[PDB]
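Throughout, a chain's letter reflects where its sequence line sits, starting with A, and its residues are numbered from 1. What's counted below: heavy atoms across the whole structure, side chains too, no hydrogens, waters or symmetry copies. Counting convention: from 1, in listed order, for ligands and their atoms alike.
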Amino acid sequence: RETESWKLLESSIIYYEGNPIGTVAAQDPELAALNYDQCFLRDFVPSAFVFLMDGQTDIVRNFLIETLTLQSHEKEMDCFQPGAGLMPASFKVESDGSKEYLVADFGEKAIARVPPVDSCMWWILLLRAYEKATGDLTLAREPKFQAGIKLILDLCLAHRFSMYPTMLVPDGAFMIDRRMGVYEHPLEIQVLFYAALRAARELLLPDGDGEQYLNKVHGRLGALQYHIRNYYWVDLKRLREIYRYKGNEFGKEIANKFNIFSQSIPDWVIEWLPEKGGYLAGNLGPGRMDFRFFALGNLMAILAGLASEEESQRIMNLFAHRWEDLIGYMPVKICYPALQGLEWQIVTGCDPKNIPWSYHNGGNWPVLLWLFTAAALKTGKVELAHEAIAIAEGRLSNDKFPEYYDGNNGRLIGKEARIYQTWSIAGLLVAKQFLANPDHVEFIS
Amino acid sequence: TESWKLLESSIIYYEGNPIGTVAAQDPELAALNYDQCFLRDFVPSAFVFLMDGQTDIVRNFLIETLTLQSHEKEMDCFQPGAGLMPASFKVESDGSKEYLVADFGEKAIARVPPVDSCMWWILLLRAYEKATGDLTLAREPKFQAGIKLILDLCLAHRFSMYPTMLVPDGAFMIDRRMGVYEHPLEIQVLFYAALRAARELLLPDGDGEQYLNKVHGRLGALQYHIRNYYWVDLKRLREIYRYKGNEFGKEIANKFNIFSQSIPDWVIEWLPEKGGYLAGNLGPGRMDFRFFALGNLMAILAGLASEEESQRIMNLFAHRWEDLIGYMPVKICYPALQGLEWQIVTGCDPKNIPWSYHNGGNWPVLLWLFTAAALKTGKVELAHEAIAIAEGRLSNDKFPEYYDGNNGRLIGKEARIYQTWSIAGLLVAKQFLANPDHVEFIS
Amino acid sequence: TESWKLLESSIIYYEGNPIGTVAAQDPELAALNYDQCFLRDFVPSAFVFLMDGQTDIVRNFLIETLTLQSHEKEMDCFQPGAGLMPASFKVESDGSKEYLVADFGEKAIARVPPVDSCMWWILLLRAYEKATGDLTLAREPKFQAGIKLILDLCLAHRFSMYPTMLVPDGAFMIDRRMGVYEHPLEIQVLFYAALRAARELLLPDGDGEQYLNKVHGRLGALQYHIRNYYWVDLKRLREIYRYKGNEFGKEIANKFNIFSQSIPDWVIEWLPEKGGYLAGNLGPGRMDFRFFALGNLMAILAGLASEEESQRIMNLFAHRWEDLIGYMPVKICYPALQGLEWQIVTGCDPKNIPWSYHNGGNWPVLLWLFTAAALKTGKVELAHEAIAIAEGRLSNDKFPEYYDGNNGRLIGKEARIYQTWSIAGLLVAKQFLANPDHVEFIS
Ligand SMILES: OC[C@H]1O[C@](O)(CO)[C@@H](O)[C@@H]1O
Ligand SMILES: OC[C@H]1O[C@](O)(CO)[C@@H](O)[C@@H]1O
Ligand SMILES: OC[C@H]1O[C@](O)(CO)[C@@H](O)[C@@H]1O
């Protein structure tokens, strides 16, 4: 409470009719406001965890209520309506004369019109975190909330043309909200999908059509976990198998179901893995396996229990063995390796914000520290959590809590990073609070 | 003729009745899935049979595929939407007993979803009705239910603001990984056309009215979106080229955040003054400027493109004839992904090397769409020329599945011979030429 | 042991007698030519049998291959030299009757010539005699005639000033297009070794003296040429790097006109101070700086390299252990051809992608040569380590033909399992380790 960071977090709070309802993304005094003066649903999560652990839960309750109201608001682009269940990427408070009102971005204001797919999942997860932290079960059981959950599930569980139980998205549909070759079936979306289904199973009442929703949830839940665990898992044993796959196999009972051509498996993968390491791949689809390591997807896979115990140990072993690549001078690298040269051009459409080792394209993101700490505590690798926190702690305050860091090893402050980025401040606080009392990790697991 | 006899021998029979045609009758290559009837491949065969007058095979096909729609489809305990039509099917027997076996994507190479198959089914059902006058078929409760299941799948709520359909890579005629994921033109145009057909085929009875309302609504949004965002011409390119990056807000010009420095050099030089086309794809940070022939030709036929847009697409074909027709109509898409682009986008797919197969190969089947579109736009002479090019080679080459090279000079690297829709494509084109009124069945 | 039982089941029988061993016993892959006994592959099998004491199979092999040498070999009316030994052979039957069928290059993929096979035959005949003490075999007129035919082919006059042997690409263990055309080290070293063996095996009777004289003469010139022009160390690299281009005349330093700007960057950093090796190739305007393991190890064993050179090759292995042994001894050559170099040099050969198969793959069979060379140079501890690496994986992996990756971590992309010379290689290495005196049979 008396810390510098806590006071920065307090100033970030957004008020609405005299009540705290969220936090701004950043308080950078110089850069263009752009959309950084808005409360992003994904950014609020670590803020919420600080507030819940501290004991002031009104802000989180208020956030959940107002975002539920935003769900019923109308969204249009060229006058077409998406599903009613879509949660917004972000919102802020405006005022026309005397009265305050909330304005939101559901993707129709967003740069590149990216859909905030992860936002509705984070909302479910935060609702669950709220329940477990406070003990207040009544909020989620209110008819409003039940309906809101169900609208999210309608979109998530929408019928597919394909045989894949994964969720299909366009590029830039999560924390990585720009064109980064994370289209189709990105790990992060699948892991958050799995976690949200697990949560919905706790939150849903069987009343009315509730039993119908639970049925839909449980069927997808098992299929999704099987699919991810069996086809996304990468280790040396599995790589040896994939590398020897024959191409152009037709039929049900074939090994190479997705028609991966082993001559396309990148050079770096084979040398990068340690004997006792492993990870969930970045993406899988027709003719495609994305071997990039994505930190958020893997860490949440440990916390949500999607990964098995052994798989969770092997992910942490990878972090230990490739510490320079994945932590370096600032935890945690968002994905590894960076897209470079002509691959950057082709995959990102020459996006100047995502040059090699910058931002989404292999930058290091302080916020991810809270996930890493949680995961390290859960797998009983506390020493890793401690070293990671020590690294971040030695720079963040001095650098004024940047949004992200750049370079192979995170040496540079992010090229266009906002300073006083709220989830960089909150991430460090959450990590320290988890370390001080490891039982609080149960809020997210 | 030689072609008719070949088409006849391709017919699959089931309990004594014709129900479809095999993809190819190659004497030497591995069967793989080429001994099956593909829903997309059967379309031109069906047209031959409809115009000839033997319509039983088409009626039977429509009935058997409807039945297949209700088959149990599964991979590792997951079910797709109930409306999904198969990629293909064949007949198998246990002793005396015969039964149909289908690939819904669970057997398919790379597990690609046959998203186009359900749209082609609706279009063929409409073509059947218009051509025969048999209104009894589509009216049947089973057929009404079947159309609706497809609409349930096509119109299911999504996360994005736009009304286009989201698909994985390889979801249509291009059924391998080719960077046609997200919002490929072919899917959007087939979707539009299928919706227009559904509008005519749905009975109002019960919830039919609800379906018709949703269809009408989507048709409007879809036509607007496609025409206003996919259309490429010199004037539009000048606009896009001058777009500012990283615009945030509802009221911005560069909504999808295209960076003009990434616009390929070939595009600006390739378009003639009076030419234009619908782009291959659109999504976050992405515009695929490749020209896709099927999408563009079907846009003309379905009335998705305006009359002027249709004329400008045909102007493009005339001006860039060597590129898009060359020695074999029609080039499936232009230009080819080359070098490291081929590696990155296809995952080093050996069947789609540059200027081969899906990656800028030339496909004889497309001649029937080109001929239809040419007739509709009043470019009869282009139809004559394209038909003359194909007829000069196909028979001598034993009707290859596809041709390769910048200008289609090579027989396809792995092309099957006696590919059914290559034979049916030529026949259909000549039938249309003889009686242009038959173009109505697909327009 | 498991390995012995596997080696036994690989034996080919012919009219009731053992005459060779199949290349692999893969339960699943296409036979291709892996159901044949290769002359090069049989060598380590032969050594196992010689050291065990069952020498009939080796005697029978030598006899049957000699007979094959006299078989009619043809492609489009052209005959090679009469001394050519086959790449491989197998047994076939017409009803009850059995007969041998051989591949001399006329069946081979890419029509590659098995130049190494005839040299391996001579070396095995010498190994047989030394190990058994049966001097009656090589003395037979038929065997004398057979040795001479091989020498006629090896020593036939050529156009070049140097005494090395000119070959097309893919003429040895590396039997595919890998830029090992012209004067590859392996051929020159095997040639030298075969000549040394021929010196012991030839009777003086009749023209035997003439042959012995030519052999003696070539041995001298060949050893000088190889040692003085193929040897690479830091001191030599400093010389070559400072060579002037386009020197004309007898008395010039840069005889082969190597341009020092073309010397690859990796070479200078890779060599340790006390390390060195024989280069992979030499010819007009060309020095192939790739390290080739078989050539270098056989140079040690045949006494072609000096004692110091032998120690410096072993120093290279110790210093660059991860590169040359890694997780599976031994890397066939280093480094891999990559990117456009792979395309240009291999013609985009899919079996030889970077760090795979011939193109920098790791080959268990080579362990027997490495162990022999290590014993001979007094580096017993390196032998122990390499053997420990292989034994920790081969049985669990079902004895793959080869391993892939920079450090041999992958099982070979298209590796057959139960590859005979992988099994025989390990057994031979352990046999040598137990009794180093047996190294004499190949030295
Ligand atoms: O609206 C989407 C935009 O929002 C950001 O997260 C911050 O401005 C960008 O990464 C993205 O382009
Ligand atoms: O099952 C899908 C496969 O079917 C084909 O159309 C023909 O074999 C291929 O293009 C594709 O990979
Ligand atoms: O016939 C020559 C062929 O035999 C092989 O050794 C095994 O199939 C290949 O390396 C080569 O291409």
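A side chain to side chain contact (heavy atoms under 4.5 Å, CB included) with A:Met180 holds for exactly one of A:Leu339, A:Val347, A:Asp351; it is A:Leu339.
We find that B:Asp116 and B:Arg40 are joined by a salt bridge, their nearest charged nitrogen and carboxylate oxygen being less than 4.0 Å apart.
Near C:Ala108, with a cut-off below 4.0 Å to any heavy atom, the atoms of ligand 3 are 1 (O). Near A:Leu34, with a cut-off below 4.0 Å to any heavy atom, the atoms of ligand 1 are 8 (O). Those atoms of ligand 1 with a heavy atom of A:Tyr359 less than 4.0 angstrom away are 5 (C), 6 (O), 7 (C), 9 (C), 10 (O).
Which of A:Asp105, A:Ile111, A:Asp351 comes nearest to atom 1 (O) of ligand 1 through a heavy atom is settled by distance: it is A:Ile111.
Looking at atom 12 (O) of ligand 1, its nearest protein heavy atom turns out to be A:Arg178 NH1, 2.7 Å.
Where the criterion is an N or O separation shorter than 3.5 Å, residue side chain and backbone included, B:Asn33 meets it with respect to ligand 2. Close N/O approach between A:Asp177 and ligand 1 is found [any backbone or side-chain N/O within under 3.5 Å].
No side-chain donor-acceptor contact under 3.5 Å links B:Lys90 to the backbone of B:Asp35. Checked by atom type and distance alone, the side chain of A:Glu249 pairs as donor or acceptor with a backbone atom of A:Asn256 at under 3.5 Å.
Distances from ligand 2 to the non-hydrogen atoms of B:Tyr34 include at least one value under 4.0 Å.
Aromatic ring centres of B:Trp363 and B:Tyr403: separated by at least 6.0 Å.
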| task | With side-chain hydrogen bond (donor to acceptor under 3.5 Å, both in side chains) as the test, would you mind laying out the steps for A:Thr348 and A:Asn354 before giving the verdict? | result | CA-CA 8 Å; A:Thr348 73; A:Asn354 275 319; over 6 Å; no
